[PDB]
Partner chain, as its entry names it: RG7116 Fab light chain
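So this first bit is one chain, no partners, the form deposited without its partner chain, shown in structure tokens.
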């Protein structure tokens, strides 16, 4: 029904430059136009809008017209606009009317425009049109869109009683329009409006569409509602246009600058990403214009989460190259890679800024694909970085294919203990080229080994946040001796050895578990009020759900 057998025209209805024998039939079923109607520079004889009841003018041509009909005739021929067939035009919600310079347009001087127009200071300008026009049928009582007995304008407005604020269907104080009508009505009900103030659900003029969740007397919380509907400005719809997507409750063209299209259980929605929304970008190397990230490149990675391909950090890439004039990298511009979670191909690091003792810049890198390899098949290559003390790939859980090369980093520690077979899946056999970094014996004696809270896997550097996996528990990627099970400011629970807080308002219990899960329906005791299995703050001040709040 809605559209940009169309019934609602979401936006403006612009007809301009149309030929004498053009099929305007698609419009026949059109009931409402949300913006304005513009009719200019055409040669057809009649504008067929049998069903047009309402023009809204929520956008308005020239600054004050919801209707604009101008210059619809051509001198060289007898083709021109004879009649505006608006036989059902009941109301215009904002904006005046401009009908001028239509040399053959008849009758427009007979219509009580001030009857159709809600705006009591809208500009009405009908003039210089048809000149030898026929009279209205005697039945039209002076007011017509046509020469025939069925082309009448019938009046709509009715002087009205105090109680009604301009909104009524007869002169009585008992004949008020329902609060939800934009303009006039033909009864006191939701379903009797000429046009809705807010939304239209399948007939009823309603202040919101049927909501995405509904209260349950049986569970005492909210739940998914099989009667739910989404907004398309005016029309409450069951599913969105073949083009569109759902953002919370509305239908939109596309997600806001903070969300991604997540496809789930037969509905495409717009969910918040949190930090940043995935952005794929081209890697360096074999298949690119760049064999190294460098000064002329590094901007092209901002806000990047997935690298399609590889990353290559070569010596001229860092120190510049005086001959061809690509300046040295500013070291702190490397923070740009903090946002990277995946590398599709390989990571190759052969030069690193001297004052940076680790690759913490990739502290969020999760997955090295090895979808392309680098020398004799290395998915990871860290070579001759003389100032690097620790890898620091705190997030890296997967290298999907290829071999590893970590050599000649004279000062590199913490890497001896690492179980690569947890990180690098596939055969282990022969995939490890690791040599001539800081000798283990020396590391052990400067105390540069895994934190005791680390499991026998190993770490990516010093401290409890560099572990591959914890001995006991973890909280936000940092190994801890204990969760706040029976003390500690934000009280907590464990699931598969991590700590999450209790539902924001359980009562914190001294020396006993506060909760065994997230949610109100799992606290040991509520610090506020309770409603069935659930701890809640504000009591349900209005049962917004099943049927009526």
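Residue numbers count along the first chain shown, from 1.
Check your understanding: Hey, how big is the hole between residue 542 and residue 543 in terms of deposited residues without coordinates: none, 1 to 3, 4 to 9, or 10 or more?
Key -> Missing in between: none.
Practice item. Name the higher of the two by mean Cα B-factor in the PDB entry, 485-493 versus 63-71. Key: Of 63-71 and 485-493, the stretch with the higher C-alpha B-factor average is 63-71.
Check your understanding: With respect to the recorded C-alpha B factors, which stretch has the higher mean value, 524-532 or 19-27?
Key -> Result: 19-27.
Practice item. Kindly indicate the residue among 103, 330, 451, 201 with the greatest C-alpha B-factor in the PDB record. Key: By C-alpha B-factor in the record, 330 ranks first.
**Study point:** Residue of maximum C-alpha B factor among 474, 94, 243, 284, per deposited coordinates
**Key:** Max CA B-factor in the entry, restricted to 474, 94, 243, 284: 284.
Exercise for review: Could you say whether, by C-alpha temperature factor, residue 158 belongs to the lowest, middle or highest third of its chain?
Suggested key: According to the entry, residue 158 has a C-alpha B-factor in the chain's lowest third.
Exercise for review: Relative to the other modelled residues of the same chain, rank the CA B-factor of residue 357 and answer lowest, middle or highest third.
Suggested key: Middle third by C-alpha B-factor.
Review point. With respect to C-alpha B-factor, does residue 515 fall in the lowest, middle or highest third of the chain as deposited?
Key: CA B-factor rank for residue 515: highest third.
Check your understanding: Compared with the other modelled residues in the chain, in which third is the CA B-factor of residue 137?
Key -> Ranked within chain, residue 137 CA B lands in the lowest tercile.
Point to revise | Chain-relative CA temperature factor third for residue 504 | key: Its C-alpha B-factor, which the entry lists for residue 504, ranks in the highest third among residues of this chain.
If you look for the form solved in complex with its partner chain, you will not find it shown, but the lines that follow are about it.
Exercise for review: Look at the stretches 468-476, 455-463, 115-123, 414-422 and give the one with heavy atoms within 4.5 Å of its partner chain in the bound PDB entry.
Suggested key: Selected stretch: 115-123.
Review point. Is the gap between residue 128 and its partner chain in the bound PDB entry 4.5 Å or less for some heavy atom pair?
Key: Residue 128: contacts its partner chain in the bound PDB entry.
Check your understanding: Heavy atoms within 4.5 Å of its partner chain in the bound PDB entry: does residue 100 have any?
Key -> Residue-level check for residue 100: yes, a contact with its partner chain.
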